[PDB]
J.: 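Structure below; questions to follow.
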Protein chains: 2
Amino acid sequence: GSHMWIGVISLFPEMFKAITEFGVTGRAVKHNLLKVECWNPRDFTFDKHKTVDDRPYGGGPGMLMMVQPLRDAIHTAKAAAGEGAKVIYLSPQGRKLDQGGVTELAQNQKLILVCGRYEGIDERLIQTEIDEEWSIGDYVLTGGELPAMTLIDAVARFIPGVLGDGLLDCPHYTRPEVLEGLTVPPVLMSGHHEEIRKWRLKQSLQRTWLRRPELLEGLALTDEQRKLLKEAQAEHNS
Amino acid sequence: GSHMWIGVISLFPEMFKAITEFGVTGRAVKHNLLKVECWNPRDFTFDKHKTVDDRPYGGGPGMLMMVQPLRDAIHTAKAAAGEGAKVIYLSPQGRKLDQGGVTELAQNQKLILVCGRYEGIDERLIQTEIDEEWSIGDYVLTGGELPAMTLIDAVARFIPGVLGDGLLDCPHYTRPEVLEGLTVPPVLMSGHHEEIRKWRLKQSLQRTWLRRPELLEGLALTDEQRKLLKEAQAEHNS
Ligand SMILES: NC(=O)c1ccc(NCc2ccccc2)nc1
Ligand SMILES: NC(=O)c1ccc(NCc2ccccc2)nc1
(Lines give C-alpha, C1' and ligand atoms only; values in the text may rest on other atoms or scores of the structure.)
(Ligands and ions follow the chains in the order given, each with its own letter.)
Protein backbone atom coordinates (compact mmCIF):
# COMPACT_ATOMS: atom_id res chain seq x y z
CA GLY A 1 0.00 0.00 0.00
CA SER A 2 1.19 3.48 0.94
CA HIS A 3 4.94 2.91 1.16
CA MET A 4 6.86 4.92 3.76
CA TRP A 5 10.60 5.63 3.69
CA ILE A 6 12.31 6.81 6.87
CA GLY A 7 15.95 7.89 6.86
CA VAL A 8 17.73 7.98 10.20
CA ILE A 9 20.86 9.80 11.34
CA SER A 10 22.22 8.18 14.50
CA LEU A 11 25.48 7.25 16.23
CA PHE A 12 23.90 3.93 17.23
CA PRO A 13 22.10 2.47 14.18
CA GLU A 14 21.97 -0.92 15.92
CA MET A 15 19.34 0.38 18.36
CA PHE A 16 16.82 0.50 15.52
CA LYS A 17 16.94 -3.29 15.23
CA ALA A 18 14.41 -3.17 18.07
CA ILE A 19 11.71 -2.06 15.64
CA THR A 20 13.00 -3.36 12.31
CA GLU A 21 13.33 -6.97 13.45
CA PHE A 22 10.54 -7.45 16.00
CA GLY A 23 6.77 -7.25 16.31
CA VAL A 24 4.42 -5.49 13.91
CA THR A 25 6.99 -2.89 12.85
CA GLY A 26 9.56 -5.58 12.08
CA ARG A 27 6.96 -7.27 9.89
CA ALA A 28 6.19 -4.00 8.10
CA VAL A 29 9.89 -3.63 7.31
CA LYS A 30 10.20 -7.26 6.18
CA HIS A 31 7.17 -6.83 3.91
CA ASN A 32 8.73 -3.67 2.44
CA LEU A 33 5.82 -1.63 3.80
CA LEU A 34 8.26 0.49 5.79
CA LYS A 35 11.88 1.21 4.92
CA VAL A 36 14.32 2.34 7.60
CA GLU A 37 17.79 3.34 6.40
CA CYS A 38 20.43 4.49 8.88
CA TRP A 39 23.47 6.74 8.45
CA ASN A 40 26.14 6.87 11.15
CA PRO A 41 27.96 10.24 11.41
CA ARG A 42 30.98 8.26 12.65
CA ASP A 43 31.40 6.99 9.08
CA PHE A 44 31.70 10.59 7.89
CA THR A 45 34.64 11.42 10.15
CA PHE A 46 38.19 11.70 8.83
CA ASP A 47 40.42 11.89 11.90
CA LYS A 48 42.12 8.74 13.20
CA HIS A 49 39.87 8.37 16.24
CA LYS A 50 36.58 9.06 14.43
CA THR A 51 35.61 11.97 16.68
CA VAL A 52 31.88 12.73 16.64
CA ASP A 53 31.61 15.10 19.61
CA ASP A 54 32.83 18.68 20.04
CA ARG A 55 33.21 21.24 22.83
CA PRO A 56 30.55 23.98 23.01
CA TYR A 57 31.36 27.68 22.69
CA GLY A 58 30.98 29.46 26.02
CA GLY A 59 32.30 26.64 28.16
CA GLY A 60 29.66 24.40 29.68
CA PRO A 61 30.10 20.96 31.29
CA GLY A 62 28.58 19.02 28.40
CA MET A 63 29.46 18.30 24.77
CA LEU A 64 27.74 18.61 21.39
CA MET A 65 27.41 16.70 18.14
CA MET A 66 30.41 17.54 15.95
CA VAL A 67 29.04 19.59 13.05
CA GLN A 68 31.04 18.27 10.09
CA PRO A 69 30.31 14.53 10.49
CA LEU A 70 26.67 15.22 11.36
CA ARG A 71 26.14 17.74 8.56
CA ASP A 72 27.70 15.41 5.98
CA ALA A 73 25.54 12.53 7.19
CA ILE A 74 22.40 14.65 6.86
CA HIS A 75 23.25 15.78 3.32
CA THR A 76 23.84 12.16 2.32
CA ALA A 77 20.41 11.18 3.63
CA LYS A 78 18.78 14.03 1.71
CA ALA A 79 20.48 12.86 -1.49
CA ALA A 80 19.23 9.29 -1.09
CA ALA A 81 15.76 10.52 -0.14
CA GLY A 82 15.38 12.89 -3.07
CA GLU A 83 12.79 15.66 -3.00
CA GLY A 84 9.80 15.68 -0.66
CA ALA A 85 11.62 14.38 2.42
CA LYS A 86 10.87 16.24 5.66
CA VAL A 87 13.83 16.41 8.05
CA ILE A 88 12.87 16.13 11.71
CA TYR A 89 15.00 16.72 14.82
CA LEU A 90 14.02 15.07 18.10
CA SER A 91 14.49 17.30 21.15
CA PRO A 92 12.58 18.43 24.28
CA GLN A 93 12.36 21.92 22.74
CA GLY A 94 10.42 20.46 19.82
CA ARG A 95 6.66 20.39 19.28
CA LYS A 96 4.87 18.06 21.70
CA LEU A 97 3.84 14.85 19.94
CA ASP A 98 0.24 13.73 20.30
CA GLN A 99 -1.95 11.36 18.28
CA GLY A 100 -3.04 14.28 16.10
CA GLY A 101 0.61 15.07 15.48
CA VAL A 102 1.28 11.44 14.60
CA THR A 103 -1.37 11.58 11.87
CA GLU A 104 0.25 14.69 10.40
CA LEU A 105 3.72 13.14 10.26
CA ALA A 106 2.16 10.00 8.79
CA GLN A 107 1.04 12.02 5.77
CA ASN A 108 4.66 12.21 4.63
CA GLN A 109 5.99 9.58 2.22
CA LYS A 110 9.60 10.36 3.13
CA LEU A 111 11.05 11.33 6.51
CA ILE A 112 14.52 12.08 7.87
CA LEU A 113 15.00 11.76 11.62
CA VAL A 114 18.08 13.33 13.20
CA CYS A 115 19.00 11.65 16.48
CA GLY A 116 21.00 13.95 18.73
CA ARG A 117 23.32 12.78 21.49
CA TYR A 118 25.12 14.59 24.32
CA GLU A 119 23.71 18.09 24.84
CA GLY A 120 22.25 18.21 21.33
CA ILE A 121 23.31 19.71 18.01
CA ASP A 122 24.45 23.14 16.82
CA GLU A 123 21.65 25.71 16.60
CA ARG A 124 22.76 26.79 13.12
CA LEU A 125 22.30 23.22 11.89
CA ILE A 126 18.66 23.40 12.98
CA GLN A 127 18.11 26.59 10.99
CA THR A 128 19.78 25.24 7.85
CA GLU A 129 19.09 21.49 7.84
CA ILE A 130 16.06 20.87 10.06
CA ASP A 131 12.48 21.46 8.91
CA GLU A 132 10.49 20.55 12.02
CA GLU A 133 11.48 20.06 15.66
CA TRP A 134 9.51 17.49 17.65
CA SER A 135 9.27 16.07 21.18
CA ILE A 136 7.70 12.83 22.40
CA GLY A 137 7.29 14.30 25.87
CA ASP A 138 8.56 16.72 28.50
CA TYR A 139 11.44 14.51 29.66
CA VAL A 140 15.16 14.30 28.94
CA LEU A 141 16.81 11.19 27.48
CA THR A 142 20.40 10.16 26.71
CA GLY A 143 19.68 10.33 22.99
CA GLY A 144 17.13 10.94 20.25
CA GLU A 145 17.12 7.28 19.24
CA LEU A 146 14.21 6.22 21.47
CA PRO A 147 12.10 9.25 20.49
CA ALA A 148 12.87 8.46 16.84
CA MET A 149 11.87 4.82 17.25
CA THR A 150 8.74 6.00 19.07
CA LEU A 151 7.83 8.25 16.15
CA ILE A 152 8.53 5.54 13.56
CA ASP A 153 6.40 3.04 15.50
CA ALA A 154 3.58 5.56 15.86
CA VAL A 155 3.35 6.53 12.19
CA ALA A 156 3.80 2.91 11.11
CA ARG A 157 0.37 2.09 12.54
CA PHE A 158 -1.15 4.30 9.84
CA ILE A 159 0.56 2.54 6.94
CA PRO A 160 -2.09 0.45 5.11
CA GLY A 161 -1.57 -3.27 5.72
CA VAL A 162 0.46 -2.90 8.90
CA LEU A 163 -2.25 -3.78 11.42
CA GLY A 164 -5.43 -5.61 10.44
CA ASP A 165 -10.72 8.68 18.81
CA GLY A 166 -9.85 11.33 21.40
CA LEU A 167 -10.85 9.30 24.45
CA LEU A 168 -9.02 6.93 26.78
CA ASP A 169 -9.53 3.24 26.03
CA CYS A 170 -12.28 1.27 27.78
CA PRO A 171 -11.43 -1.61 30.13
CA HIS A 172 -10.79 -4.92 28.37
CA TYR A 173 -11.51 -8.42 29.68
CA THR A 174 -10.51 -11.92 28.57
CA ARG A 175 -10.34 -15.45 29.99
CA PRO A 176 -11.01 -16.50 32.63
CA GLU A 177 -14.51 -15.34 33.58
CA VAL A 178 -13.42 -15.01 37.22
CA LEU A 179 -9.94 -13.86 38.26
CA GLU A 180 -9.10 -13.65 41.98
CA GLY A 181 -12.74 -13.00 42.86
CA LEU A 182 -13.12 -10.34 40.17
CA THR A 183 -15.70 -11.08 37.49
CA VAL A 184 -16.21 -10.04 33.87
CA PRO A 185 -19.05 -7.54 33.23
CA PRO A 186 -22.08 -9.71 32.28
CA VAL A 187 -23.01 -7.23 29.54
CA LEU A 188 -19.86 -8.24 27.65
CA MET A 189 -21.01 -11.87 27.64
CA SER A 190 -24.62 -11.05 26.78
CA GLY A 191 -24.15 -10.91 23.01
CA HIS A 192 -25.94 -7.57 22.77
CA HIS A 193 -23.64 -5.94 20.21
CA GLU A 194 -25.42 -2.61 20.71
CA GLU A 195 -25.36 -2.64 24.52
CA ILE A 196 -21.72 -3.74 24.43
CA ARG A 197 -20.73 -0.89 22.11
CA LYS A 198 -22.62 1.56 24.33
CA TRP A 199 -20.95 0.12 27.42
CA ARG A 200 -17.41 0.40 26.03
CA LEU A 201 -18.01 3.97 24.85
CA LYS A 202 -19.48 4.84 28.25
CA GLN A 203 -16.50 3.44 30.16
CA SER A 204 -14.15 5.33 27.84
CA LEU A 205 -15.96 8.55 28.70
CA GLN A 206 -15.81 7.77 32.42
CA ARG A 207 -12.11 6.89 32.51
CA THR A 208 -11.32 10.00 30.47
CA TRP A 209 -13.34 12.13 32.89
CA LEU A 210 -11.74 10.69 36.03
CA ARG A 211 -8.13 10.43 34.83
CA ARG A 212 -7.63 13.02 32.08
CA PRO A 213 -10.32 15.71 32.50
CA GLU A 214 -8.43 18.20 30.31
CA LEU A 215 -8.84 15.89 27.32
CA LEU A 216 -12.63 16.20 27.49
CA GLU A 217 -12.45 20.00 27.37
CA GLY A 218 -10.91 19.99 23.90
CA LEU A 219 -13.58 17.62 22.59
CA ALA A 220 -16.94 18.21 20.94
CA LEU A 221 -18.88 15.21 22.22
CA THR A 222 -21.70 13.77 20.11
CA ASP A 223 -25.27 13.50 21.42
CA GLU A 224 -24.65 9.86 22.32
CA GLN A 225 -21.36 10.73 24.02
CA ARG A 226 -22.93 13.57 26.00
CA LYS A 227 -25.63 11.16 27.17
CA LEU A 228 -23.27 8.38 28.26
CA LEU A 229 -21.01 10.88 30.03
CA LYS A 230 -23.93 12.29 32.01
CA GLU A 231 -25.00 8.76 32.93
CA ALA A 232 -21.47 7.81 33.97
CA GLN A 233 -21.14 10.96 36.08
CA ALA A 234 -24.51 10.15 37.66
CA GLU A 235 -23.48 6.57 38.40
CA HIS A 236 -20.11 7.70 39.76
CA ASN A 237 -21.95 10.04 42.12
CA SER A 238 -23.86 6.95 43.29
CA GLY B 1 26.49 4.27 43.78
CA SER B 2 22.71 4.02 44.09
CA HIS B 3 22.08 0.69 42.36
CA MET B 4 18.84 0.34 40.40
CA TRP B 5 17.16 -2.95 39.47
CA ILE B 6 14.52 -2.98 36.74
CA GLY B 7 12.52 -6.11 35.96
CA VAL B 8 10.78 -6.24 32.60
CA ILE B 9 7.87 -8.34 31.36
CA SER B 10 7.84 -8.38 27.55
CA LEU B 11 7.15 -10.66 24.58
CA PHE B 12 10.21 -9.20 22.86
CA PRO B 13 13.09 -9.08 25.39
CA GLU B 14 15.56 -8.60 22.52
CA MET B 15 14.30 -5.05 21.96
CA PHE B 16 15.89 -4.01 25.25
CA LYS B 17 19.34 -4.68 23.81
CA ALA B 18 18.97 -1.18 22.37
CA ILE B 19 19.59 0.32 25.81
CA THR B 20 21.54 -2.43 27.58
CA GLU B 21 24.28 -2.65 24.96
CA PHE B 22 24.62 0.88 23.59
CA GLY B 23 25.40 4.42 24.72
CA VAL B 24 25.32 5.68 28.29
CA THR B 25 22.64 3.23 29.41
CA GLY B 26 24.58 0.29 28.00
CA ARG B 27 27.59 1.46 29.99
CA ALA B 28 25.50 1.76 33.16
CA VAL B 29 24.39 -1.85 32.70
CA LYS B 30 27.94 -3.03 31.97
CA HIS B 31 29.20 -1.25 35.09
CA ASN B 32 26.44 -2.92 37.14
CA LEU B 33 24.97 0.51 37.90
CA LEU B 34 21.69 -0.56 36.31
CA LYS B 35 20.33 -4.09 36.10
CA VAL B 36 17.69 -4.98 33.51
CA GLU B 37 16.23 -8.48 33.74
CA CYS B 38 13.59 -9.64 31.26
CA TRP B 39 10.87 -12.28 31.54
CA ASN B 40 9.06 -13.49 28.42
CA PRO B 41 5.44 -14.61 29.03
CA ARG B 42 5.91 -17.01 26.10
CA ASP B 43 8.17 -19.06 28.38
CA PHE B 44 5.27 -19.42 30.82
CA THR B 45 2.91 -20.98 28.28
CA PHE B 46 2.11 -24.70 28.27
CA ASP B 47 0.24 -25.34 25.02
CA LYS B 48 2.13 -26.67 21.99
CA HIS B 49 2.05 -23.39 20.08
CA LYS B 50 2.99 -21.15 23.03
CA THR B 51 -0.11 -18.96 22.74
CA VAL B 52 0.28 -15.56 24.40
CA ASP B 53 -2.79 -13.75 23.04
CA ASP B 54 -6.48 -14.24 23.81
CA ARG B 55 -9.84 -13.08 22.45
CA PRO B 56 -11.60 -10.29 24.41
CA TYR B 57 -15.03 -10.73 26.00
CA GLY B 58 -17.67 -8.74 24.13
CA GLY B 59 -16.26 -9.33 20.66
CA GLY B 60 -14.03 -6.57 19.34
CA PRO B 61 -11.64 -6.67 16.36
CA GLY B 62 -8.46 -6.79 18.46
CA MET B 63 -6.82 -9.22 20.86
CA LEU B 64 -5.44 -9.11 24.41
CA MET B 65 -2.52 -10.45 26.41
CA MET B 66 -3.36 -13.97 27.56
CA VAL B 67 -3.79 -13.76 31.33
CA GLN B 68 -2.16 -16.99 32.53
CA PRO B 69 1.25 -16.60 30.84
CA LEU B 70 1.37 -12.89 31.67
CA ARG B 71 0.23 -13.33 35.27
CA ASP B 72 2.76 -16.11 35.88
CA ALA B 73 5.54 -14.00 34.37
CA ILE B 74 4.64 -11.08 36.65
CA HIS B 75 4.62 -13.23 39.79
CA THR B 76 8.04 -14.62 38.86
CA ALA B 77 9.43 -11.10 38.52
CA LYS B 78 8.01 -10.14 41.92
CA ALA B 79 9.68 -13.18 43.49
CA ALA B 80 13.09 -12.31 42.05
CA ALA B 81 12.65 -8.65 42.99
CA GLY B 82 11.65 -9.30 46.59
CA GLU B 83 9.88 -6.63 48.62
CA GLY B 84 9.90 -2.94 47.71
CA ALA B 85 9.49 -3.39 43.96
CA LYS B 86 6.92 -1.11 42.32
CA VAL B 87 5.10 -2.70 39.38
CA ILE B 88 4.35 -0.29 36.54
CA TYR B 89 2.14 -0.78 33.48
CA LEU B 90 2.76 1.32 30.36
CA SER B 91 -0.42 2.48 28.62
CA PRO B 92 -1.97 5.68 27.17
CA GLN B 93 -4.49 5.61 30.04
CA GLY B 94 -1.63 5.92 32.51
CA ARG B 95 -0.31 9.03 34.23
CA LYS B 96 1.45 11.41 31.83
CA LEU B 97 5.21 11.19 32.26
CA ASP B 98 7.12 14.44 32.72
CA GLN B 99 10.56 15.24 34.14
CA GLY B 100 9.01 15.62 37.59
CA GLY B 101 7.48 12.18 37.19
CA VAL B 102 10.84 10.77 36.12
CA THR B 103 12.42 11.98 39.37
CA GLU B 104 9.68 10.26 41.38
CA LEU B 105 10.13 6.91 39.62
CA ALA B 106 13.89 7.31 40.03
CA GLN B 107 13.45 7.24 43.81
CA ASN B 108 12.64 3.53 43.59
CA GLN B 109 15.45 0.99 44.00
CA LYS B 110 13.41 -1.75 42.33
CA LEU B 111 10.96 -1.47 39.43
CA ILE B 112 8.84 -3.90 37.43
CA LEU B 113 7.69 -2.75 33.99
CA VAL B 114 4.86 -4.63 32.30
CA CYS B 115 4.97 -4.24 28.51
CA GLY B 116 1.56 -4.78 26.94
CA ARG B 117 1.00 -5.80 23.34
CA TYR B 118 -2.11 -5.98 21.14
CA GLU B 119 -5.02 -4.08 22.71
CA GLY B 120 -3.50 -4.28 26.19
CA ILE B 121 -3.99 -6.49 29.23
CA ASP B 122 -6.98 -7.61 31.31
CA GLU B 123 -8.40 -4.90 33.58
CA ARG B 124 -8.48 -7.28 36.56
CA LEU B 125 -4.73 -7.81 36.20
CA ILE B 126 -4.23 -4.06 36.63
CA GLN B 127 -6.24 -4.06 39.86
CA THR B 128 -4.42 -7.07 41.31
CA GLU B 129 -0.87 -6.90 39.93
CA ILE B 130 -0.23 -3.30 38.86
CA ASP B 131 0.67 -0.53 41.31
CA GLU B 132 0.97 2.49 39.02
CA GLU B 133 -0.13 3.12 35.43
CA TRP B 134 2.04 5.44 33.34
CA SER B 135 2.16 7.01 29.87
CA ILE B 136 5.08 8.57 28.01
CA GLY B 137 2.68 10.61 25.89
CA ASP B 138 -0.75 10.88 24.31
CA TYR B 139 0.00 8.56 21.39
CA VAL B 140 -0.62 4.89 20.61
CA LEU B 141 2.19 2.42 19.91
CA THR B 142 2.36 -1.24 18.87
CA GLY B 143 3.70 -2.18 22.29
CA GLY B 144 4.83 -1.02 25.72
CA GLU B 145 8.46 -1.87 24.98
CA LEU B 146 9.45 1.56 23.67
CA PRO B 147 7.68 3.38 26.52
CA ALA B 148 9.43 1.03 28.96
CA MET B 149 12.83 1.68 27.39
CA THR B 150 12.04 5.40 27.46
CA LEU B 151 11.30 5.21 31.19
CA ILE B 152 14.42 3.15 31.93
CA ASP B 153 16.59 5.59 29.97
CA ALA B 154 15.01 8.58 31.73
CA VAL B 155 15.48 7.30 35.29
CA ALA B 156 18.96 6.01 34.46
CA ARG B 157 20.18 9.60 34.11
CA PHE B 158 19.56 10.06 37.84
CA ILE B 159 21.66 7.07 38.90
CA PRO B 160 24.91 8.40 40.44
CA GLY B 161 27.87 7.76 38.14
CA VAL B 162 25.87 7.36 34.95
CA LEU B 163 26.55 10.78 33.41
CA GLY B 164 29.44 12.98 34.54
CA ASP B 165 15.26 23.00 35.57
CA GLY B 166 11.75 23.65 34.26
CA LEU B 167 12.80 25.62 31.19
CA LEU B 168 13.59 24.72 27.59
CA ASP B 169 17.29 24.41 26.79
CA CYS B 170 19.23 27.40 25.44
CA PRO B 171 20.76 27.32 21.94
CA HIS B 172 24.14 25.60 21.75
CA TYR B 173 27.02 26.40 19.40
CA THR B 174 30.25 24.61 18.47
CA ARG B 175 32.87 24.66 15.70
CA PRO B 176 33.09 26.28 13.28
CA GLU B 177 32.72 29.96 14.20
CA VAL B 178 30.85 30.59 10.94
CA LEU B 179 28.47 28.06 9.37
CA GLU B 180 26.76 28.95 6.07
CA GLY B 181 26.91 32.66 6.87
CA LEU B 182 25.56 32.15 10.39
CA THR B 183 27.90 33.21 13.19
CA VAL B 184 28.35 32.22 16.84
CA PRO B 185 27.15 34.78 19.43
CA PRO B 186 30.28 36.83 20.33
CA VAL B 187 29.28 36.76 24.01
CA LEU B 188 29.94 33.01 24.06
CA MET B 189 33.51 33.61 22.90
CA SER B 190 34.10 36.56 25.22
CA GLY B 191 35.15 34.53 28.25
CA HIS B 192 32.76 36.41 30.51
CA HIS B 193 31.53 33.45 32.56
CA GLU B 194 28.88 35.64 34.19
CA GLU B 195 27.58 37.23 30.99
CA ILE B 196 27.55 33.81 29.33
CA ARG B 197 25.52 32.26 32.15
CA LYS B 198 23.11 35.19 32.01
CA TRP B 199 22.85 34.86 28.23
CA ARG B 200 22.08 31.13 28.29
CA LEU B 201 19.46 31.57 31.03
CA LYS B 202 17.93 34.46 29.07
CA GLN B 203 17.67 32.45 25.85
CA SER B 204 16.12 29.57 27.79
CA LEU B 205 13.45 31.94 29.09
CA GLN B 206 12.82 33.33 25.61
CA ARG B 207 12.52 29.95 23.87
CA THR B 208 10.23 28.73 26.64
CA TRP B 209 8.05 31.83 26.24
CA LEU B 210 7.80 31.58 22.45
CA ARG B 211 7.42 27.81 22.08
CA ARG B 212 5.92 26.48 25.32
CA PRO B 213 4.13 29.38 27.07
CA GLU B 214 2.12 27.04 29.32
CA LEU B 215 5.34 25.84 30.95
CA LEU B 216 6.08 29.34 32.25
CA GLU B 217 2.67 29.57 33.93
CA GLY B 218 3.44 26.69 36.29
CA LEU B 219 6.77 28.24 37.27
CA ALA B 220 7.78 30.59 40.07
CA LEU B 221 10.57 32.53 38.38
CA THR B 222 13.39 33.98 40.48
CA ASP B 223 14.19 37.70 40.51
CA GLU B 224 16.95 37.11 37.97
CA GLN B 225 14.66 35.00 35.80
CA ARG B 226 11.88 37.60 35.92
CA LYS B 227 14.40 40.23 34.83
CA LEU B 228 15.84 38.27 31.91
CA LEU B 229 12.35 37.30 30.74
CA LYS B 230 11.23 40.94 30.71
CA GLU B 231 14.37 41.87 28.79
CA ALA B 232 13.86 39.06 26.28
CA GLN B 233 10.22 40.05 25.77
CA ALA B 234 11.35 43.65 25.27
CA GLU B 235 14.01 42.63 22.76
CA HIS B 236 11.57 40.33 20.95
CA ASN B 237 9.18 43.27 20.63
CA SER B 238 12.08 45.12 18.98
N1 LIG C 1 11.80 14.70 24.73
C2 LIG C 1 12.32 14.18 23.58
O3 LIG C 1 11.72 13.93 22.54
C4 LIG C 1 13.76 13.94 23.66
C5 LIG C 1 14.52 13.95 22.53
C6 LIG C 1 15.87 13.71 22.68
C7 LIG C 1 16.38 13.47 23.94
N8 LIG C 1 17.75 13.22 24.04
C9 LIG C 1 18.39 13.70 22.84
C10 LIG C 1 18.70 15.14 23.01
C11 LIG C 1 19.33 15.57 24.15
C12 LIG C 1 19.62 16.91 24.32
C13 LIG C 1 19.26 17.81 23.35
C14 LIG C 1 18.63 17.38 22.21
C15 LIG C 1 18.34 16.05 22.04
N16 LIG C 1 15.63 13.45 25.05
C17 LIG C 1 14.33 13.69 24.88
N1 LIG D 1 1.43 6.12 25.45
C2 LIG D 1 2.15 5.10 26.01
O3 LIG D 1 2.90 5.16 26.97
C4 LIG D 1 1.93 3.82 25.33
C5 LIG D 1 2.09 2.65 26.02
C6 LIG D 1 1.87 1.49 25.32
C7 LIG D 1 1.51 1.54 24.00
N8 LIG D 1 1.30 0.33 23.33
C9 LIG D 1 1.11 -0.70 24.32
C10 LIG D 1 -0.33 -0.73 24.69
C11 LIG D 1 -1.29 -0.76 23.71
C12 LIG D 1 -2.62 -0.78 24.05
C13 LIG D 1 -2.99 -0.78 25.37
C14 LIG D 1 -2.03 -0.76 26.35
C15 LIG D 1 -0.70 -0.73 26.01
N16 LIG D 1 1.35 2.69 23.32
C17 LIG D 1 1.57 3.81 24.01
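All values below were derived from every heavy atom in this structure, side-chain atoms included, with hydrogens, water molecules and symmetry-related copies excluded. Chain A is the first sequence line, chain B the second, and so forth, proteins listed ahead of strands; every chain is numbered from 1.
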J.: Go through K17(B), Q99(B), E14(B) and name the one with the most non-hydrogen pairs under 4.5 angstrom from chain A.
T.: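 Counting heavy-atom pairs under 4.5 Å, the top option is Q99(B).
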J.: Which bit of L182(B) comes within less than 4.5 Å of chain A, counting heavy atoms only: side chain, backbone, both or neither?
T.: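 Both backbone and side chain of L182(B) come within 4.5 Å of chain A.
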J.: Does any heavy atom of chain A fall under 4.5 Å from the side chain of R200(B), the backbone, both, or neither of them?
T.: side chain
J.: Given a strict heavy-atom distance threshold of 4.5 Å, which part of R95(A) is in contact with chain B: side chain, backbone, both, or neither?
T.: neither
J.: If you count heavy-atom pairs under 4.5 Å with chain A, which of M66(B), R71(B), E145(B) comes out on top?
T.: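 Of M66(B), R71(B), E145(B), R71(B) has the most heavy-atom pairs under 4.5 Å with chain A.
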J.: Side chain, backbone, both or neither: which part of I121(A) has a non-hydrogen atom closer than 4.5 Å to chain B?
T.: backbone
J.: Examine whether an atom of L141(A) lies under 4.5 Å from a heavy atom of chain B, and if so say whether it belongs to the side chain, the backbone or both; otherwise answer neither.
T.: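 Looking at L141(A), backbone and side chain both touch chain B.
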J.: I'd like to verify something: which residue of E180(B), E119(B), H192(B) has the highest number of heavy-atom pairs under 4.5 Å with chain A?
T.: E180(B)
J.: What's the shortest heavy-atom distance between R124(A) and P176(B), and which atoms?
T.: NH2-O, 2.7 Å
J.: Does any backbone or side-chain atom of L97(A) lie under 4.5 Å from a heavy atom of chain B? Answer side chain, backbone, both or neither.
T.: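 It is both, since atoms from each part get that close.
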J.: Below 4.5 Å from any heavy atom of chain B, which atoms of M63(A) appear? Answer side chain, backbone, both or neither.
T.: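 Neither part, no heavy atoms under 4.5 Å.
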J.: Given that the side chain runs from C-beta out, which part of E133(B) has a heavy atom under 4.5 Å from chain A: side chain, backbone, both or neither?
T.: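 Contact with chain A involves the side chain of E133(B) alone.
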J.: Which value, rounded to the nearest 0.5 Å, describes the distance between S135(A) atom OG and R211(B) atom CZ?
T.: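 One gets 11.0 Å once the value is rounded to the nearest 0.5 Å.
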J.: Taking every heavy-atom pair that is under 4.5 Å apart, which of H193(A), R197(A), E177(A) has the most such pairs with chain B?
T.: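 Most pairs with chain B among the choices: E177(A).
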J.: Considering only heavy atoms, which portion of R55(A) lies under 4.5 Å from any heavy atom of chain B: side chain, backbone, both, or neither?
T.: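 Contact with chain B: backbone only.
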J.: Quick one: which of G120(A), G143(A), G23(A), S190(A) has the most heavy-atom pairs under 4.5 Å with chain B, could you say?
T.: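 Heavy-atom pair counts peak at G23(A).
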J.: Between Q93(B) and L168(A), is any pair of side-chain heavy atoms under 4.5 Å apart?
T.: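 A side-chain contact exists here, since the closest heavy-atom pair is under 4.5 Å.
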J.: Heavy-atom cut-off 4.5 Å, strictly under: side chain, backbone, both or neither for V155(B) against chain A?
T.: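 The answer is neither part of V155(B).
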J.: Determine the option with the most heavy-atom pairs under 4.5 angstrom with chain B, choosing from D153(A), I196(A), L163(A).
T.: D153(A)
J.: One pair to check against side chain to side chain contact (heavy atoms under 4.5 Å, CB included): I19(B) and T142(A). What are the steps and the verdict?
T.: CA-CA 10 Å; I19(B) 64 176; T142(A) 60; over 6 Å; no
J.: Quick one: closest heavy-atom pair of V24(A) and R117(B), and the distance?
T.: N-NH2, 4.0 Å
J.: Nearest 0.5 Å please: distance from the OG1 atom of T174(B) over to the CG atom of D122(A).
T.: 6.5 Å
J.: Which answer fits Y57(B), side chain, backbone, both or neither, if we ask what part of it has an atom under 4.5 Å from a heavy atom of chain A?
T.: both
J.: What part of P56(A) is in contact with chain B, defined as an atom under 4.5 angstrom from a non-hydrogen atom: side chain, backbone, both or neither?
T.: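 Contact with chain B: backbone and side chain both.
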J.: Nearest 0.5 angstrom please: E214(A) CD to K96(B) NZ, how far?
T.: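 Between atom CD of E214(A) and atom NZ of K96(B) there are 7.0 Å.
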J.: Check whether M189(A) gets within reach of chain B through its side chain, its backbone, both or neither, counting any heavy atom under 4.5 Å.
T.: side chain
J.: Side chain, backbone, both or neither: which part of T128(A) has a non-hydrogen atom closer than 4.5 Å to chain B?
T.: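 The side chain, not the backbone.
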J.: Output the distance between atom CD1 (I126(A)) and atom NE2 (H172(B)), rounded to the nearest 0.5 Å.
T.: 9.5 Å
J.: With only heavy atoms counted, which part of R207(B) is less than 4.5 Å from chain A, the side chain, the backbone, both or neither?
T.: side chain
J.: Using heavy-atom distances under 4.5 Å, tell me whether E21(B) contacts chain A through its side chain, its backbone, both, or neither.
T.: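 Looking at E21(B), nothing touches chain A.
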J.: Quick one: closest heavy-atom pair of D54(A) and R175(B), and the distance?
T.: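 In this case the closest contact between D54(A) and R175(B) is OD2-NE, 2.8 Å.
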J.: Side chain, backbone, both or neither: which part of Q127(A) has a non-hydrogen atom closer than 4.5 Å to chain B?
T.: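 The side chain, not the backbone.
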J.: With only heavy atoms counted, which part of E195(A) is less than 4.5 Å from chain B, the side chain, the backbone, both or neither?
T.: neither
J.: Using a 4.5 angstrom heavy-atom cutoff, name the option from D98(B), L125(B), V102(B), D169(B) with the most pairs to chain A.
T.: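 Among the listed options, the one with the most contacts to chain A is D169(B).
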J.: Relative to chain B, which segment of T183(A) carries a heavy atom at a distance below 4.5 Å: side chain, backbone, both, or neither?
T.: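 The answer is the backbone of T183(A).
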J.: Using the side chain to side chain contact (heavy atoms under 4.5 Å, CB included) rule, take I136(A) and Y139(B) through it: C-alpha gap first, then chi angles, then the decisive distance, then the call.
T.: CA-CA 9 Å; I136(A) 64 171; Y139(B) 40 79; 3.4 Å; yes
